[PDB]
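Visitor: One structure coming up, written as structure tokens, with questions to follow.
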Amino acid sequence: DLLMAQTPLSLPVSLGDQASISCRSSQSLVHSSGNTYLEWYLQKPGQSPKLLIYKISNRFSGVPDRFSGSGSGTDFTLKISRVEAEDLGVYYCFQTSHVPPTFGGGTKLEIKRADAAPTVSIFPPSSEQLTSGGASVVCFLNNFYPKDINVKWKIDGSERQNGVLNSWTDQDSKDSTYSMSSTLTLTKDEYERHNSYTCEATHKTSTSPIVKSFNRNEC
Amino acid sequence: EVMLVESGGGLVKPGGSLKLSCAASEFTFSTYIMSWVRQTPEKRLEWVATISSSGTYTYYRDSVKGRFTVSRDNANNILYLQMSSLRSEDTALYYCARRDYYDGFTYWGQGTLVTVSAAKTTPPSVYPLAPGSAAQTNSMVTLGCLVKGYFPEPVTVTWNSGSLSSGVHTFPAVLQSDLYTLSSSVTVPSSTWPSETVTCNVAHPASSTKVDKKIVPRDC
Ligand SMILES: O=C(O)CCCC(=O)OC[C@@H](NC(=O)C(Cl)Cl)[C@H](OP(=O)(O)Cc1ccc(NC(=O)C(F)(F)F)cc1)c1ccc([N+](=O)[O-])cc1
């Protein structure tokens, strides 16, 4: 029934610039009291959510004065005025003017830093994993920006799309980069029928793929 | 500081019951409205339940009504959430929060994980990830640990018992076929490996396992 819609899903912003986040409810958040119980929470990577703003615009104790809240009726905005690295995470609006209390779906604040290309490392299956009858081929792509990246695997030249799972860390507050793992999971038997394994990373930082490769028979 | 510590989350079969608890300290617990809020595996936040300071009034999200009961022990400063007829939608991290009336969820615990599934608890297999022969870069070597085939979440990964912190990335687990897998990477100077040991320590509290995998050069 009552929806809390946030835009955008993701918001890149430079340190020092102002970020603005919107929360639009489907009905008026004016409670029967005449007050409006719209709150804003931030979730830092690996942390619990924490309160920023209550009653539209009031800051919780200890919240930096750079965070501010505004709006009325159905439209609310959280502004962060001179963004710092530690401000990254997911920001959620929340309403308790009308049962049932409801959160927004969240907006990621992303720190916009200089483009950085990934450092790519490839890893054959370990001897012990093979000893157990499985085979995962692992590629790490570390310390890159922006987040968007496509990883192609090739096995003896045949592009391979099935068996490949990609996982990303949250953005690192220390350097504003992302890292990702791309894992190709095969049966030992399939793995042992092929010799050349390659993970290829296409990122806007280069025209050419960053390719890391091994031959099953080398080392 | 005000503190809130959840207990009791873990793996429960569909249709089952579990009761979470939350120990409160450093504030007058019995003065305050208290709440449970959950975060789904996809990171959506859902309010679950609220209980008034005295316990007289209780409130629930529609999807949990009749199945969950929020309660509190004001003598011993504990908030509870009894859960029954558990379903897969109920899989989430459960936070207890202090609710300062209309001034917000001011304090939150770290959360306790609940997993509703028919699958069996399975400890991880931990596999080393060491570089090829010669292609070990040779000034900065990246190593890793593949943590494969465990259930339920979570696992804790450290390197050299936490001593090795810098240059570490531990990737979120992905669930497939009722088993989770994750990897962790660490980059270290050549002077430090393999001539000094690098070990990934992997803890899986659900199976009470704790495994320390040393990364050693490939036999080549
Ligand atoms: O309970 C009474 O006193 C009689 C009922 C009407 C009343 O005067 O109080 C309504 C008020 N309830 C209470 O204060 C009880 Cl906790 Cl004693 C109210 O209840 P209602 O307006 O009847 C329905 C309602 C239910 C849940 C919430 N919000 C939450 O539970 C929140 F998500 F915010 F935590 C808000 C309103 C309300 C206000 C604030 C909060 N809260 O969590 O901060 C909860 C409840």
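Identifiers in this document derive from the order of the structure tokens: chains are assigned A, B, ..., residues are numbered from 1 separately in each chain, and ligands are numbered from 1 in order of occurrence.
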Check every residue of chain B for an atom within 9 Å of chain A, counting only C-alpha atoms, and provide those that qualify as a ChimeraX atom specification.

Guide: /B:43-47,59-62,95,102-111,125-135,142-144,146,169-174,182-185,218-220

Visitor: Taking 4 positions as the minimum chain separation for residues in the same chain, which residues sit within 7 Å of region 21-30 of chain B when counting only C-alpha atoms? Answer as an NGL selection string.

Guide: :B and (1-8 or 53-54 or 74 or 77-81 or 96)

Visitor: May I have the selected residues written with N, CA, C and O atoms, as a CSV table (one decimal), in the first residue's frame?

Guide:
chain,number,residue,atom,x,y,z
B,1,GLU,N,28.9,3.0,26.6
B,1,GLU,CA,27.8,3.5,25.7
B,1,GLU,C,26.6,2.6,25.8
B,1,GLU,O,26.7,1.4,26.2
B,2,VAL,N,25.4,3.1,25.6
B,2,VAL,CA,24.2,2.2,25.4
B,2,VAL,C,24.7,1.1,24.5
B,2,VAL,O,25.4,1.2,23.6
B,3,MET,N,24.3,-0.1,24.9
B,3,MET,CA,24.6,-1.3,24.2
B,3,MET,C,23.5,-2.3,24.1
B,3,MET,O,22.7,-2.5,25.0
B,4,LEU,N,23.5,-3.0,23.0
B,4,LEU,CA,22.4,-3.9,22.7
B,4,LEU,C,23.1,-5.1,22.0
B,4,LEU,O,23.8,-4.8,21.0
B,5,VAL,N,22.8,-6.3,22.5
B,5,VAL,CA,23.5,-7.5,21.9
B,5,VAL,C,22.5,-8.6,21.7
B,5,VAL,O,21.9,-9.1,22.6
B,6,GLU,N,22.3,-8.9,20.4
B,6,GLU,CA,21.3,-10.0,20.0
B,6,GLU,C,22.0,-11.4,20.2
B,6,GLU,O,23.2,-11.6,20.0
B,7,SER,N,21.1,-12.3,20.5
B,7,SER,CA,21.5,-13.7,20.6
B,7,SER,C,20.4,-14.6,20.0
B,7,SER,O,19.3,-14.2,19.9
B,8,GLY,N,20.8,-15.8,19.5
B,8,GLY,CA,19.9,-16.8,19.2
B,8,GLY,C,19.7,-17.2,17.7
B,8,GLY,O,19.0,-18.1,17.5
B,53,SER,N,7.1,0.4,26.4
B,53,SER,CA,8.0,0.3,27.5
B,53,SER,C,7.6,-0.8,28.5
B,53,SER,O,8.5,-1.6,28.9
B,54,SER,N,6.4,-0.8,28.9
B,54,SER,CA,5.8,-1.8,29.9
B,54,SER,C,5.5,-3.1,29.3
B,54,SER,O,5.3,-4.1,30.1
B,74,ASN,N,11.6,-6.8,31.8
B,74,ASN,CA,12.1,-5.5,32.3
B,74,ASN,C,12.9,-5.7,33.6
B,74,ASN,O,13.6,-4.8,33.9
B,77,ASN,N,16.3,-6.8,31.8
B,77,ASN,CA,16.7,-6.0,30.6
B,77,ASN,C,17.0,-6.8,29.3
B,77,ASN,O,18.1,-6.7,28.8
B,78,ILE,N,16.0,-7.6,29.0
B,78,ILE,CA,16.0,-8.4,27.8
B,78,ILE,C,14.8,-8.2,26.9
B,78,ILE,O,13.6,-8.3,27.4
B,79,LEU,N,15.0,-8.1,25.6
B,79,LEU,CA,14.0,-8.0,24.7
B,79,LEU,C,14.0,-9.3,23.9
B,79,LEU,O,15.0,-9.9,23.5
B,80,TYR,N,12.8,-9.8,23.6
B,80,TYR,CA,12.6,-11.1,22.9
B,80,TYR,C,11.8,-11.0,21.6
B,80,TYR,O,11.0,-10.1,21.5
B,81,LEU,N,12.1,-11.9,20.7
B,81,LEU,CA,11.2,-12.2,19.5
B,81,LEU,C,11.0,-13.7,19.4
B,81,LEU,O,12.0,-14.4,19.0
B,96,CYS,N,17.9,-5.7,17.1
B,96,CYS,CA,17.1,-5.0,18.1
B,96,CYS,C,17.6,-3.6,18.2
B,96,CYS,O,18.7,-3.3,17.9

Visitor: Can you pull out every residue from region 17-157 of chain A that DSSP, working from the backbone, puts in alpha helix (DSSP H), and format the result as JSON, numbers by chain?

Guide: {"A": [127, 128, 129, 130, 131]}

Visitor: Which parts of chain B does DSSP call strand (DSSP E or B) when run on the backbone here, written out as an NGL selection string?

Guide: :B and (3-7 or 11-12 or 18-25 or 33-39 or 45-51 or 58-60 or 68-73 or 78-83 or 92-99 or 105-108 or 112-116 or 122 or 125-129 or 140-151 or 156-159 or 164 or 168-170 or 174-176 or 179-189 or 199-204 or 209-214)

Visitor: Any idea what the distance is between CA of residue 166 (chain B) and CA of residue 174 (chain A)?

Guide: 10.2 Å

Visitor: Can you list, as a list in words, every protein, DNA or RNA residue that comes within 9 Å of residue 55 (chain B) when you count only C-alpha atoms, leaving out same-chain residues fewer than 2 positions away?

Guide: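 Counting only the stated atoms, we get residues 33, 51, 52, 53, 57, 58, 70, 71, 72, 73 and 74 of chain B.
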
Visitor: So, counting only C-alpha atoms, which residue among B:38, B:83, B:140, B:69 is closest to residue 19 (chain B)?

Guide: B:83

Visitor: Compile the contact shell of residue 154 (chain A) as a list in words: residues with an atom at most 7 Å away, counting only C-alpha atoms, same-chain residues fewer than 3 positions apart removed.

Guide: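 Once the adjacent positions are removed, what remains is residues 157, 158, 159, 160, 197, 198 and 199 of chain A.
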
Visitor: B:35, B:138, B:201, B:156: which is nearest ligand 1, counting only C-alpha atoms and all ligand atoms?

Guide: B:35

Visitor: Can you tell me how far CA of residue 148 (chain A) sits from CA of residue 202 (chain A), in Å to one decimal?

Guide: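 Straight-line distance from CA of residue 148 (chain A) to CA of residue 202 (chain A) works out to 9.2 Å.
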
Visitor: Excluding same-chain residues fewer than 3 positions from residue 70 (chain A), what lies within 9 Å of it counting only C-alpha atoms, as a ChimeraX atom specification?

Guide: /A:56-57,75-79

Visitor: Which is closer to ligand 1 than all the others in A:114, A:194, A:31, A:6, using only C-alpha atoms and all ligand atoms?

Guide: A:31

Visitor: Could you work out how far CA of residue 147 (chain A) lies from CA of residue 84 (chain A), giving the answer in Å with one decimal?

Guide: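 So the two atoms, CA of residue 84 (chain A) and CA of residue 147 (chain A), lie 18.9 Å apart.
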
Visitor: With only C-alpha atoms as the counted atoms, please give the residues lying no more than 12 Å from residue 115 (chain A), apart from itself and same-chain residues fewer than 4 positions off, as an MDAnalysis selection string.

Guide: chainID A and resid 111 143:148 175:178 203:206

Visitor: Save the residues we just selected, C-alpha atoms, as a compact mmCIF listing (two decimals), in the first residue's frame?

Guide:
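See out.txt below for the written result:
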# COMPACT_ATOMS: atom_id res chain seq x y z
CA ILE A 111 32.74 8.34 -3.61
CA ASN A 143 41.49 -1.75 -6.41
CA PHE A 144 39.59 -0.31 -9.36
CA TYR A 145 37.14 2.52 -10.09
CA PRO A 146 34.39 2.87 -11.39
CA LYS A 147 32.52 -0.25 -10.31
CA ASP A 148 31.17 -1.34 -13.64
CA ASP A 175 40.99 4.45 -1.06
CA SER A 176 37.52 4.67 -2.67
CA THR A 177 38.10 1.59 -4.86
CA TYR A 178 36.22 -1.56 -5.42
CA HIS A 203 36.94 -1.72 -17.84
CA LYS A 204 36.55 1.82 -19.18
CA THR A 205 40.12 2.59 -18.06
CA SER A 206 41.53 0.85 -21.17
